Amino acid sequence: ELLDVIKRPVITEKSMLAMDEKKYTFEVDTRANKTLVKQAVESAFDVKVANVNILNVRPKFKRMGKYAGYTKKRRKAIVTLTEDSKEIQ
Amino acid sequence: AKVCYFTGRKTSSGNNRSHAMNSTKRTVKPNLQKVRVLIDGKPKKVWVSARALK
Amino acid sequence: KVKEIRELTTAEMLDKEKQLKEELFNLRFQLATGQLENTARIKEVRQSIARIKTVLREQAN
RNA sequence: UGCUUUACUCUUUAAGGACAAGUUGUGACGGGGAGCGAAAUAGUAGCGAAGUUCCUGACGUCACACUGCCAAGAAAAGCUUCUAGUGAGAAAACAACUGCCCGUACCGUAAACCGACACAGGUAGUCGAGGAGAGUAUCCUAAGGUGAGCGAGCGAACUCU
RNA sequence: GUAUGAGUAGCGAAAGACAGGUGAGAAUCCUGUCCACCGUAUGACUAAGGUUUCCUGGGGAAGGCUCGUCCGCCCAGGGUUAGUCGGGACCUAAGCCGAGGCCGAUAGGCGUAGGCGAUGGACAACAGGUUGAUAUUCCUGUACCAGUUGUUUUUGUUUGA
RNA sequence: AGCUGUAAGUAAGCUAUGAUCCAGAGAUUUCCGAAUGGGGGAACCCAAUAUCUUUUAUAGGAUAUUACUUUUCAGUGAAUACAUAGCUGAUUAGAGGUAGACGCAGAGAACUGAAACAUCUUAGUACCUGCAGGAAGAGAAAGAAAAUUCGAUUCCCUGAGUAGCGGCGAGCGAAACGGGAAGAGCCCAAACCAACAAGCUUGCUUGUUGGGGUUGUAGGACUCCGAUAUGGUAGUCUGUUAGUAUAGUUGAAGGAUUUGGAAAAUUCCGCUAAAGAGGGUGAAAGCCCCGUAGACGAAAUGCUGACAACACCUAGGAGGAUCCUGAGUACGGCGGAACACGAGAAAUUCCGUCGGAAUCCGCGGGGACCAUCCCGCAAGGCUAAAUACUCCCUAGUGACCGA
């Protein structure tokens with residue numbers, strides 16, 4: 001179903017520094033392999049392997065109004081390339 | 001000894017009086033025997049009361 | 001929205017499904033990078049995909 | 001043809017076989033370093049000289065290796081062969097690609113664990129230097145880390161050390 | 001809810017002093033110097049356990065047994081990257097569930113085959129550099145294990161492949 | 001004709017092509033959970049067989065099927081040949097939850113009372129467990145009676161704290177007669193006769209299907225004559241209408257002055273009512289708003305009547321040679337329980353064991369037992385209503401509460 005693989009790019013202080021070595025930080029939905037993300041990126045941007053790396057995130061608190069609730073789980077994806085770029089973001 | 005296969009005899013319970021009428025609780029059980037019978041031609045082994053062996 | 005969706009063939013339904021999913025990719029990446037003066041087009045692509053899938057549900061019983 | 005075993009003939013510090021801490025080259029024109037030190041506002045970037053000999057030397061390793069003793073000291077898989085069998089023609093070299101899911105921050109003889117507390121208590125494992133010295137004892141110290149989360153005066157009774 | 005006890009007892013073992021900073025406000029925060037304490041541990045690494053306490057930039061109403069410009073506290077943003085490390089796609093000990101089955105007022109109890117279960121077995125990567133936080137995980141160099149695609153020298157499925 | 005919930009706030013939009021909202025039908029429905037491919041520390045991991053997918057290719061992805069037991073049918077099978085275990089495949093049903101309520105069963109306490117305590121009481125209560133249903137249980141006389149009789153069951157009043165039981169102590173405690181609520185009765189086994197198969201000795205015994213047949217005034221077979229109509233239903237989610245439940249429409253009549261921040265309050269003069277019940281509005285409103293009385297209305301789905309169709313079911317009179325009418329059943333001894341009844345002079349109902357009848361000239365009962373009389377036919381099934389409860393829905397009420 002591989003357009004529900006990738007959601008968003010991550011725009012942070014390390015993620016902009018990953019841009020210099022052709023590395024890109026996407027958010028992949030839960031229960032997805034490394035191989036789906038390779039196939040989805042090759043489908044959507046015409047670039048290659050040089051393997052993905054995949055994280056996870058434990059949630060937090062926040063408090064607003066005497067209430068106590070978590071946030072979402074996440075899963076980052078730091079995809080490296082060999083030969084093309086993405087001046088898209 | 002759990003049931004009969006033909007009749008409906010099963011173990012039960014009742015009192016026990018003794019000579020100044022003090023009551024306790026018994027286990028009144030039926031006489032039962034493991035008998036090889038012919039259920040649909042093929043022999044089994046099953047519990048049958050002696051009452052149905054007359 | 002509904003009516004001309006009921007005017008199409010069968011394959012063109014699937015073609016518009018693919019086009020609307022690619023527009024959802026484009027609206028996601030253009031929300032993450034601080035863009036999209038229109039943000040109320042996100043309901044429209046979703047509900048268009050929904051109406052297309054119900055129309056394909058009815059015709060195959 | 002593998003394995004086991006009984007009888008007979010030889011053979012024996014011999015030969016065959018099995019394991020082995022470690023050394024020397026390569027790796028390595030590499031990175032490491034006492035110290036120098038900017039070009040803005042950094043001891044930053046960038047530059048590096050020596051790699052010797054003797055002495056003591058481990059229950060760390062060979063390794064449960066060896067002798068002794070009685071209290072007589074886990075299993076199954078991985079591995080290796082031989083047949084049963086299945087049964088186009090795979091099997092070395094070279095080159096290019098593929099290799100899934102979960103944990104990884106931090107505290108961890110403690111202010112972040114167990115004791116209602118930022119509590120004189122408890123917490124399994126490994127490393128654990130120097131001078132004296134049998135030593136992980138005791139006294140003072142290296143590498144490192146702390147100065148304790150109420151004070152300032154005065155220097156009576158009385159209580160504690 | 002508020003008194004009395006009363007502005008009393010206590011402030012939870014340890015050595016600080018000065019100069020210069022910032023600030024409305026300083027013994028208690030930052031920096032510098034000297035002094036002092038542990039040093040088989042108050043030093044380093046991990047297993048449990050805790051669950052964001054980690055880092056960056058702000059804040060001083062409550063918490064901190066005093067003060068506080070500070071904090072493990074409040075707000076906002078941000079950090080945990082693996083073919084080789086520990087576990088799964090391998091094995092079994094204690095124990096547990098146990099198709100059929102054997103017993104038992106109901107409920108249910110016990111047990112063969114087959115399983116589940118690490119504290120144990122078996123198993124392919126080393127040195128350095130790098131950031132505000134990650135590193136046998138990122139890059140630098142050199143390896144290793146299991147495969148897949150083109151090349152590499154041999155034919156009855158009898159095996160003589 | 002306004003809208004994007006709480007919830008202000010910003011920025012984007014939607015609607016006269018009828019949004020938002022309401023009502024009835026549909027569609028989609030991640031992962032655990034009886035969990036059901038295998039495993040597990042619930043919301044996790046790991047598979048197999050087909051089909052389609054990505055890549056030069058393995059790795060990667062997606063869809064479908066795969067638990068256990070039993071109901072039936074096939075193959076397969078073998079200690080041991082014949083076929084029974086067993087295995088395999090297909091087919092049929094279950095498996096868990098509540099409503100902390102009501103019902104039926106199994107098993108079953110103690111404190112307390114007796115001014116102590118042993119039989120007794122608390123009490124077949126509390127608790128556990130199985131089984132269901134919208135209700136369940138009981139139900140068509142082996143009955144209640146004592147005549148002069150009545151005719152299935154359940155529930156209510158009364159009989160009555162009476163007759164009774166009880167270390168005759170504490171205490172437990174009915175039933176029939178009478179008045180009411182609601183009303184209903186049906187189907188088998190047997191004896192007999194056919195159709196088939198078997199040891200069919202071709203004796204016609206057994207087994208299955210189809211007709212027959214259901215009772216105490218005894219009835220049925222069997223025989224002989226009639227006879228082929230009359231009448232009911234406790235079925236058919238098959239039609240055709242009537243109504244109803246879930247959105248709604250319409251719905252009368254008032255102005256000025258004074259005190260006011262603001263009037264519904266006050267003072268004058270009016271109007272309405274099949275509507276003067278209630279709520280809201282800058283204070284206390286028949287005439288401002290929402291309503292109320294009345295009147296009207298349903299595309300879709302469900303429910304209830306009705307009456308059509310279709311299913312079913314139901315015959316008379318006489319005879320009395322032979323045949324049938326529920327078996328290890330009734331009943332007895334022993335040991336326990338249930339009946340208000342605690343072995344008591346102990347009938348009637350069950351349970352465990354051991355004995356164990358008759359066949360209409362028969363059998364049971366009328367509180368040990370006998371005789372006479374009277375009333376009844378057990379040992380096979382089904383059955384509406386009157387009765388008890390409320391997790392939830394709609395519409396209401398209270399000399400019920402006001403933090």
# chains A, B, ... in the order shown; residues from 1 in each chain; ligands from 1

call {"tool": "interface_residues", "arguments": {"of": "chain E", "to": "chain A", "cutoff": "8 Å", "atoms": "only C-alpha atoms (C1' of nucleotides)", "output": "count of residues only"}}
result
4

call {"tool": "interface_residues", "arguments": {"of": "chain E", "to": "chain B", "cutoff": "10 Å", "atoms": "only C-alpha atoms (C1' of nucleotides)", "output": "MDAnalysis selection string"}}
result
chainID E and resid 103:105

call {"tool": "write_last_selection", "arguments": {"atoms": "C-alpha atoms (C1' of nucleotides)", "output": "PDB file, in the first residue's frame"}}
result
ATOM      1  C1'   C E 103     -10.476 -41.061  38.078  1.00  0.00           C
ATOM      2  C1'   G E 104     -14.402 -37.706  40.380  1.00  0.00           C
ATOM      3  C1'   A E 105     -22.179 -34.781  43.126  1.00  0.00           C
TER       4        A E 105
END

call {"tool": "interface_residues", "arguments": {"of": "chain C", "to": "chain A", "cutoff": "10 Å", "atoms": "only C-alpha atoms", "output": "NGL selection string"}}
result
:C and (18 or 21-22 or 24-25 or 28-33)

call {"tool": "write_last_selection", "arguments": {"atoms": "N, CA and C atoms", "output": "mmCIF file, in the first residue's frame"}}
result
data_model
loop_
_atom_site.group_PDB
_atom_site.id
_atom_site.type_symbol
_atom_site.label_atom_id
_atom_site.label_comp_id
_atom_site.auth_asym_id
_atom_site.auth_seq_id
_atom_site.Cartn_x
_atom_site.Cartn_y
_atom_site.Cartn_z
ATOM 1 N N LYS C 18 -5.140 6.909 -7.608
ATOM 2 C CA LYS C 18 -3.689 7.077 -7.567
ATOM 3 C C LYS C 18 -3.296 8.548 -7.580
ATOM 4 N N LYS C 21 -3.963 10.044 -4.087
ATOM 5 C CA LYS C 21 -2.953 9.670 -3.096
ATOM 6 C C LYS C 21 -1.644 10.423 -3.305
ATOM 7 N N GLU C 22 -1.265 10.656 -4.561
ATOM 8 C CA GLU C 22 -0.061 11.445 -4.788
ATOM 9 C C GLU C 22 -0.253 12.900 -4.373
ATOM 10 N N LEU C 24 -1.995 13.652 -1.792
ATOM 11 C CA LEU C 24 -1.869 13.630 -0.333
ATOM 12 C C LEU C 24 -0.414 13.611 0.120
ATOM 13 N N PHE C 25 0.450 12.885 -0.601
ATOM 14 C CA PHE C 25 1.893 13.063 -0.401
ATOM 15 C C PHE C 25 2.326 14.510 -0.525
ATOM 16 N N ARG C 28 1.214 16.586 2.411
ATOM 17 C CA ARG C 28 1.938 16.290 3.650
ATOM 18 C C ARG C 28 3.317 16.939 3.669
ATOM 19 N N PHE C 29 4.087 16.764 2.588
ATOM 20 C CA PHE C 29 5.421 17.357 2.570
ATOM 21 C C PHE C 29 5.361 18.875 2.506
ATOM 22 N N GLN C 30 4.298 19.440 1.951
ATOM 23 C CA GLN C 30 4.174 20.884 1.957
ATOM 24 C C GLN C 30 3.469 21.417 3.196
ATOM 25 N N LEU C 31 2.967 20.553 4.073
ATOM 26 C CA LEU C 31 2.678 21.026 5.419
ATOM 27 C C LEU C 31 3.889 21.007 6.321
ATOM 28 N N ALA C 32 4.801 20.050 6.136
ATOM 29 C CA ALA C 32 5.904 19.953 7.089
ATOM 30 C C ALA C 32 6.887 21.111 6.965
ATOM 31 N N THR C 33 6.985 21.731 5.792
ATOM 32 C CA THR C 33 8.000 22.744 5.547
ATOM 33 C C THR C 33 7.438 24.156 5.547
#

call {"tool": "interface_residues", "arguments": {"of": "chain F", "to": "chain A", "cutoff": "10 Å", "atoms": "only C-alpha atoms (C1' of nucleotides)", "output": "PyMOL selection string"}}
result
chain F and resi 54-55+59-62

call {"tool": "write_last_selection", "arguments": {"atoms": "N, CA and C atoms (P, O5', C5', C4', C3', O3' and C1' of nucleotides)", "output": "PDB file, in the first residue's frame"}}
result
ATOM      1  P     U F  54       5.470  -6.067 -10.124  1.00  0.00           P
ATOM      2  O5'   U F  54       6.512  -5.710  -8.978  1.00  0.00           O
ATOM      3  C5'   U F  54       6.550  -4.416  -8.401  1.00  0.00           C
ATOM      4  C4'   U F  54       7.841  -4.205  -7.658  1.00  0.00           C
ATOM      5  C3'   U F  54       9.095  -4.602  -8.418  1.00  0.00           C
ATOM      6  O3'   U F  54       9.552  -3.586  -9.287  1.00  0.00           O
ATOM      7  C1'   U F  54       9.165  -5.520  -6.236  1.00  0.00           C
ATOM      8  P     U F  55      10.304  -3.975 -10.648  1.00  0.00           P
ATOM      9  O5'   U F  55      11.706  -4.557 -10.173  1.00  0.00           O
ATOM     10  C5'   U F  55      12.707  -3.711  -9.631  1.00  0.00           C
ATOM     11  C4'   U F  55      13.872  -4.512  -9.119  1.00  0.00           C
ATOM     12  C3'   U F  55      14.580  -5.378 -10.146  1.00  0.00           C
ATOM     13  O3'   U F  55      15.513  -4.659 -10.930  1.00  0.00           O
ATOM     14  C1'   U F  55      14.169  -6.642  -8.193  1.00  0.00           C
ATOM     15  P     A F  59      13.026 -15.625  -1.514  1.00  0.00           P
ATOM     16  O5'   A F  59      13.804 -15.265  -0.182  1.00  0.00           O
ATOM     17  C5'   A F  59      13.322 -14.254   0.678  1.00  0.00           C
ATOM     18  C4'   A F  59      14.454 -13.437   1.222  1.00  0.00           C
ATOM     19  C3'   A F  59      14.061 -12.156   1.929  1.00  0.00           C
ATOM     20  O3'   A F  59      13.645 -12.363   3.267  1.00  0.00           O
ATOM     21  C1'   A F  59      15.745 -11.680   0.375  1.00  0.00           C
ATOM     22  P     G F  60      12.097 -12.214   3.670  1.00  0.00           P
ATOM     23  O5'   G F  60      11.642 -10.854   2.985  1.00  0.00           O
ATOM     24  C5'   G F  60      11.888  -9.614   3.623  1.00  0.00           C
ATOM     25  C4'   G F  60      11.224  -8.465   2.906  1.00  0.00           C
ATOM     26  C3'   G F  60       9.707  -8.465   2.873  1.00  0.00           C
ATOM     27  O3'   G F  60       9.115  -8.023   4.079  1.00  0.00           O
ATOM     28  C1'   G F  60      10.531  -7.936   0.736  1.00  0.00           C
ATOM     29  P     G F  61       7.682  -8.589   4.534  1.00  0.00           P
ATOM     30  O5'   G F  61       6.667  -8.048   3.437  1.00  0.00           O
ATOM     31  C5'   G F  61       6.276  -6.689   3.439  1.00  0.00           C
ATOM     32  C4'   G F  61       5.335  -6.373   2.308  1.00  0.00           C
ATOM     33  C3'   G F  61       3.944  -6.957   2.408  1.00  0.00           C
ATOM     34  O3'   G F  61       3.113  -6.210   3.271  1.00  0.00           O
ATOM     35  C1'   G F  61       4.768  -7.205   0.205  1.00  0.00           C
ATOM     36  P     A F  62       1.969  -6.942   4.119  1.00  0.00           P
ATOM     37  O5'   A F  62       0.866  -7.318   3.040  1.00  0.00           O
ATOM     38  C5'   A F  62       0.050  -6.310   2.472  1.00  0.00           C
ATOM     39  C4'   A F  62      -0.797  -6.848   1.349  1.00  0.00           C
ATOM     40  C3'   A F  62      -1.785  -7.937   1.717  1.00  0.00           C
ATOM     41  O3'   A F  62      -2.966  -7.411   2.287  1.00  0.00           O
ATOM     42  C1'   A F  62      -0.665  -8.501  -0.293  1.00  0.00           C
TER      43        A F  62
END

call {"tool": "atom_distance", "arguments": {"atom1": "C1' of residue 57 in chain F", "atom2": "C1' of residue 96 in chain D"}}
result
12.2 Å

call {"tool": "interface_residues", "arguments": {"of": "chain F", "to": "chain C", "cutoff": "8 Å", "atoms": "only C-alpha atoms (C1' of nucleotides)", "output": "PDB file with N, CA and C atoms (P, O5', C5', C4', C3', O3' and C1' of nucleotides), in the first residue's frame"}}
result
ATOM      1  P     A F  12      -6.384  33.325   5.643  1.00  0.00           P
ATOM      2  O5'   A F  12      -6.023  31.898   5.040  1.00  0.00           O
ATOM      3  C5'   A F  12      -6.847  31.302   4.057  1.00  0.00           C
ATOM      4  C4'   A F  12      -7.033  29.829   4.308  1.00  0.00           C
ATOM      5  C3'   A F  12      -8.307  29.234   3.744  1.00  0.00           C
ATOM      6  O3'   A F  12      -8.185  28.924   2.373  1.00  0.00           O
ATOM      7  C1'   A F  12      -8.034  28.527   5.975  1.00  0.00           C
ATOM      8  P     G F  13      -8.822  29.891   1.267  1.00  0.00           P
ATOM      9  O5'   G F  13     -10.043  29.055   0.690  1.00  0.00           O
ATOM     10  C5'   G F  13     -11.348  29.211   1.225  1.00  0.00           C
ATOM     11  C4'   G F  13     -11.846  27.932   1.841  1.00  0.00           C
ATOM     12  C3'   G F  13     -13.308  27.609   1.603  1.00  0.00           C
ATOM     13  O3'   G F  13     -13.538  27.005   0.342  1.00  0.00           O
ATOM     14  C1'   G F  13     -12.817  27.341   3.886  1.00  0.00           C
ATOM     15  P     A F  27     -24.517  -3.226   4.514  1.00  0.00           P
ATOM     16  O5'   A F  27     -23.220  -2.464   4.007  1.00  0.00           O
ATOM     17  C5'   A F  27     -22.901  -2.446   2.628  1.00  0.00           C
ATOM     18  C4'   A F  27     -21.846  -1.420   2.320  1.00  0.00           C
ATOM     19  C3'   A F  27     -20.588  -1.495   3.157  1.00  0.00           C
ATOM     20  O3'   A F  27     -19.692  -2.478   2.678  1.00  0.00           O
ATOM     21  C1'   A F  27     -21.320   0.742   3.023  1.00  0.00           C
TER      22        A F  27
END

call {"tool": "atom_distance", "arguments": {"atom1": "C1' of residue 254 in chain F", "atom2": "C1' of residue 276 in chain F"}}
result
16.9 Å

call {"tool": "interface_residues", "arguments": {"of": "chain B", "to": "chain F", "cutoff": "12 Å", "atoms": "only C-alpha atoms (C1' of nucleotides)", "output": "mmCIF file with C-alpha atoms, in the first residue's frame"}}
result
data_model
loop_
_atom_site.group_PDB
_atom_site.id
_atom_site.type_symbol
_atom_site.label_atom_id
_atom_site.label_comp_id
_atom_site.auth_asym_id
_atom_site.auth_seq_id
_atom_site.Cartn_x
_atom_site.Cartn_y
_atom_site.Cartn_z
ATOM 1 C CA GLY B 8 -29.877 -43.181 35.759
ATOM 2 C CA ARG B 9 -28.066 -44.115 38.956
ATOM 3 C CA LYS B 10 -25.467 -41.735 40.354
ATOM 4 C CA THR B 11 -23.940 -41.036 43.737
ATOM 5 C CA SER B 12 -25.702 -38.775 46.211
ATOM 6 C CA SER B 13 -25.766 -37.732 49.855
ATOM 7 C CA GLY B 14 -27.856 -38.013 53.000
ATOM 8 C CA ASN B 15 -27.752 -37.877 56.765
ATOM 9 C CA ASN B 16 -26.558 -40.348 59.406
ATOM 10 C CA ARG B 17 -28.408 -40.617 62.719
ATOM 11 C CA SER B 18 -27.008 -42.641 65.603
ATOM 12 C CA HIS B 19 -28.951 -43.575 68.748
ATOM 13 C CA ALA B 20 -29.394 -40.013 70.026
ATOM 14 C CA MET B 21 -30.316 -38.298 66.914
ATOM 15 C CA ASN B 22 -27.037 -36.628 65.934
ATOM 16 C CA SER B 23 -26.747 -35.999 62.202
ATOM 17 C CA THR B 24 -23.707 -35.994 59.921
ATOM 18 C CA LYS B 25 -23.415 -36.311 56.123
ATOM 19 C CA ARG B 26 -22.873 -39.558 54.198
ATOM 20 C CA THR B 27 -22.005 -40.505 50.615
ATOM 21 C CA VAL B 28 -24.693 -42.971 49.509
ATOM 22 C CA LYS B 29 -23.293 -44.558 46.380
ATOM 23 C CA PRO B 30 -24.832 -47.085 43.985
ATOM 24 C CA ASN B 31 -23.428 -50.521 43.387
ATOM 25 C CA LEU B 32 -21.673 -50.361 40.022
ATOM 26 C CA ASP B 40 -23.737 -51.390 18.398
ATOM 27 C CA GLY B 41 -21.876 -54.682 17.968
ATOM 28 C CA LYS B 42 -18.492 -53.257 18.951
ATOM 29 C CA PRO B 43 -17.598 -54.256 22.533
ATOM 30 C CA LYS B 44 -16.760 -51.525 25.046
ATOM 31 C CA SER B 49 -25.413 -51.307 37.858
ATOM 32 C CA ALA B 50 -26.044 -54.825 39.106
ATOM 33 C CA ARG B 51 -29.771 -53.995 39.136
ATOM 34 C CA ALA B 52 -29.842 -54.142 35.333
ATOM 35 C CA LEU B 53 -28.068 -57.516 35.337
ATOM 36 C CA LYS B 54 -31.171 -59.420 36.457
#

call {"tool": "select_by_dssp", "arguments": {"residues": "range 31-77 of chain A", "states": "strand (DSSP E)", "output": "number ranges by chain"}}
result
A: 52-54, 76-77

call {"tool": "write_last_selection", "arguments": {"atoms": "N, CA and C atoms", "output": "PDB file, in the first residue's frame"}}
result
ATOM      1  N   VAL A  52      18.828   2.072   4.874  1.00  0.00           N
ATOM      2  CA  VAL A  52      18.081   2.914   5.795  1.00  0.00           C
ATOM      3  C   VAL A  52      18.518   2.620   7.228  1.00  0.00           C
ATOM      4  N   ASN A  53      18.279   3.565   8.133  1.00  0.00           N
ATOM      5  CA  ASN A  53      18.333   3.294   9.560  1.00  0.00           C
ATOM      6  C   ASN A  53      17.037   3.752  10.216  1.00  0.00           C
ATOM      7  N   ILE A  54      16.604   3.024  11.240  1.00  0.00           N
ATOM      8  CA  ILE A  54      15.249   3.116  11.776  1.00  0.00           C
ATOM      9  C   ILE A  54      15.304   3.207  13.292  1.00  0.00           C
ATOM     10  N   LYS A  76      11.442   7.254  13.395  1.00  0.00           N
ATOM     11  CA  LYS A  76      12.200   8.017  12.426  1.00  0.00           C
ATOM     12  C   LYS A  76      12.742   7.098  11.342  1.00  0.00           C
ATOM     13  N   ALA A  77      13.320   7.705  10.313  1.00  0.00           N
ATOM     14  CA  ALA A  77      13.961   6.947   9.246  1.00  0.00           C
ATOM     15  C   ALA A  77      15.029   7.811   8.608  1.00  0.00           C
TER      16      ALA A  77
END

call {"tool": "residues_around", "arguments": {"residues": "range 10-21 of chain D", "least_positions_apart": "4", "cutoff": "12 Å", "atoms": "only C-alpha atoms (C1' of nucleotides)", "output": "count of residues only"}}
result
5

call {"tool": "select_by_dssp", "arguments": {"residues": "chain C", "states": "helix (DSSP H, G or I)", "output": "VMD selection string"}}
result
chain C and resid 5 to 7 11 to 32 42 to 59

call {"tool": "residues_around", "arguments": {"residues": "residue 118 in chain D", "least_positions_apart": "6", "cutoff": "12 Å", "atoms": "only C-alpha atoms (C1' of nucleotides)", "output": "PyMOL selection string"}}
result
(chain D and resi 110-112+149) or (chain E and resi 12+63-65+71-72)

call {"tool": "write_last_selection", "arguments": {"atoms": "N, CA and C atoms (P, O5', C5', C4', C3', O3' and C1' of nucleotides)", "output": "PDB file, in the first residue's frame"}}
result
ATOM      1  P     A D 110      27.384   6.098  46.809  1.00  0.00           P
ATOM      2  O5'   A D 110      26.126   6.951  46.362  1.00  0.00           O
ATOM      3  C5'   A D 110      25.744   7.013  44.996  1.00  0.00           C
ATOM      4  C4'   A D 110      24.418   7.703  44.834  1.00  0.00           C
ATOM      5  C3'   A D 110      23.735   8.059  46.146  1.00  0.00           C
ATOM      6  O3'   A D 110      23.083   9.319  46.053  1.00  0.00           O
ATOM      7  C1'   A D 110      22.379   6.541  44.907  1.00  0.00           C
ATOM      8  P     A D 111      23.670  10.546  46.902  1.00  0.00           P
ATOM      9  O5'   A D 111      22.518  11.633  46.894  1.00  0.00           O
ATOM     10  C5'   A D 111      21.437  11.531  47.802  1.00  0.00           C
ATOM     11  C4'   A D 111      20.107  11.751  47.130  1.00  0.00           C
ATOM     12  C3'   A D 111      19.934  11.110  45.755  1.00  0.00           C
ATOM     13  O3'   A D 111      18.599  10.632  45.633  1.00  0.00           O
ATOM     14  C1'   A D 111      19.506  13.418  45.615  1.00  0.00           C
ATOM     15  P     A D 112      18.315   9.199  44.978  1.00  0.00           P
ATOM     16  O5'   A D 112      16.919   9.377  44.240  1.00  0.00           O
ATOM     17  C5'   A D 112      16.784  10.267  43.137  1.00  0.00           C
ATOM     18  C4'   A D 112      16.139   9.584  41.961  1.00  0.00           C
ATOM     19  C3'   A D 112      16.569   8.134  41.766  1.00  0.00           C
ATOM     20  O3'   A D 112      15.474   7.372  41.259  1.00  0.00           O
ATOM     21  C1'   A D 112      17.133   9.396  39.847  1.00  0.00           C
ATOM     22  P     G D 149      24.075  18.487  52.621  1.00  0.00           P
ATOM     23  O5'   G D 149      23.759  20.025  52.414  1.00  0.00           O
ATOM     24  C5'   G D 149      23.949  20.936  53.484  1.00  0.00           C
ATOM     25  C4'   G D 149      22.962  22.069  53.424  1.00  0.00           C
ATOM     26  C3'   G D 149      21.495  21.669  53.510  1.00  0.00           C
ATOM     27  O3'   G D 149      20.804  22.533  54.408  1.00  0.00           O
ATOM     28  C1'   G D 149      21.892  22.901  51.506  1.00  0.00           C
TER      29        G D 149
ATOM     30  P     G E  12      21.457  19.941  60.089  1.00  0.00           P
ATOM     31  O5'   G E  12      21.154  18.395  59.907  1.00  0.00           O
ATOM     32  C5'   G E  12      21.315  17.488  60.982  1.00  0.00           C
ATOM     33  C4'   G E  12      21.032  16.075  60.549  1.00  0.00           C
ATOM     34  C3'   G E  12      21.564  15.684  59.188  1.00  0.00           C
ATOM     35  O3'   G E  12      22.962  15.465  59.151  1.00  0.00           O
ATOM     36  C1'   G E  12      19.358  14.881  59.432  1.00  0.00           C
ATOM     37  P     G E  63       6.842  25.909  49.372  1.00  0.00           P
ATOM     38  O5'   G E  63       7.344  24.640  48.571  1.00  0.00           O
ATOM     39  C5'   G E  63       6.932  23.348  48.959  1.00  0.00           C
ATOM     40  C4'   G E  63       7.655  22.307  48.159  1.00  0.00           C
ATOM     41  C3'   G E  63       9.094  22.057  48.558  1.00  0.00           C
ATOM     42  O3'   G E  63       9.197  21.141  49.631  1.00  0.00           O
ATOM     43  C1'   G E  63       8.916  22.250  46.203  1.00  0.00           C
ATOM     44  P     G E  64      10.317  21.315  50.766  1.00  0.00           P
ATOM     45  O5'   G E  64      11.670  21.527  49.963  1.00  0.00           O
ATOM     46  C5'   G E  64      12.386  20.414  49.443  1.00  0.00           C
ATOM     47  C4'   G E  64      13.797  20.772  49.064  1.00  0.00           C
ATOM     48  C3'   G E  64      14.613  21.421  50.173  1.00  0.00           C
ATOM     49  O3'   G E  64      15.936  20.907  50.143  1.00  0.00           O
ATOM     50  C1'   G E  64      14.668  22.782  48.259  1.00  0.00           C
ATOM     51  P     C E  65      16.368  19.781  51.190  1.00  0.00           P
ATOM     52  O5'   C E  65      15.524  20.105  52.497  1.00  0.00           O
ATOM     53  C5'   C E  65      16.032  20.972  53.508  1.00  0.00           C
ATOM     54  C4'   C E  65      14.928  21.790  54.126  1.00  0.00           C
ATOM     55  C3'   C E  65      15.366  23.086  54.794  1.00  0.00           C
ATOM     56  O3'   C E  65      14.330  24.053  54.670  1.00  0.00           O
ATOM     57  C1'   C E  65      14.320  21.710  56.381  1.00  0.00           C
ATOM     58  P     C E  71      20.604  25.928  36.630  1.00  0.00           P
ATOM     59  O5'   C E  71      20.038  24.770  37.567  1.00  0.00           O
ATOM     60  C5'   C E  71      20.885  23.755  38.083  1.00  0.00           C
ATOM     61  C4'   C E  71      20.111  22.750  38.903  1.00  0.00           C
ATOM     62  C3'   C E  71      18.901  22.127  38.232  1.00  0.00           C
ATOM     63  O3'   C E  71      19.272  21.015  37.439  1.00  0.00           O
ATOM     64  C1'   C E  71      18.393  22.760  40.478  1.00  0.00           C
ATOM     65  P     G E  72      18.416  20.598  36.158  1.00  0.00           P
ATOM     66  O5'   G E  72      17.404  19.520  36.728  1.00  0.00           O
ATOM     67  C5'   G E  72      17.883  18.367  37.401  1.00  0.00           C
ATOM     68  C4'   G E  72      16.786  17.376  37.704  1.00  0.00           C
ATOM     69  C3'   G E  72      15.789  17.806  38.768  1.00  0.00           C
ATOM     70  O3'   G E  72      14.593  17.064  38.577  1.00  0.00           O
ATOM     71  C1'   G E  72      16.960  15.942  39.535  1.00  0.00           C
TER      72        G E  72
END

call {"tool": "atom_distance", "arguments": {"atom1": "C1' of residue 297 in chain F", "atom2": "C1' of residue 242 in chain F"}}
result
17.5 Å

call {"tool": "residues_around", "arguments": {"residues": "residue 139 in chain F", "least_positions_apart": "5", "cutoff": "10 Å", "atoms": "only C-alpha atoms (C1' of nucleotides)", "output": "PyMOL selection string"}}
result
chain F and resi 152-154+383
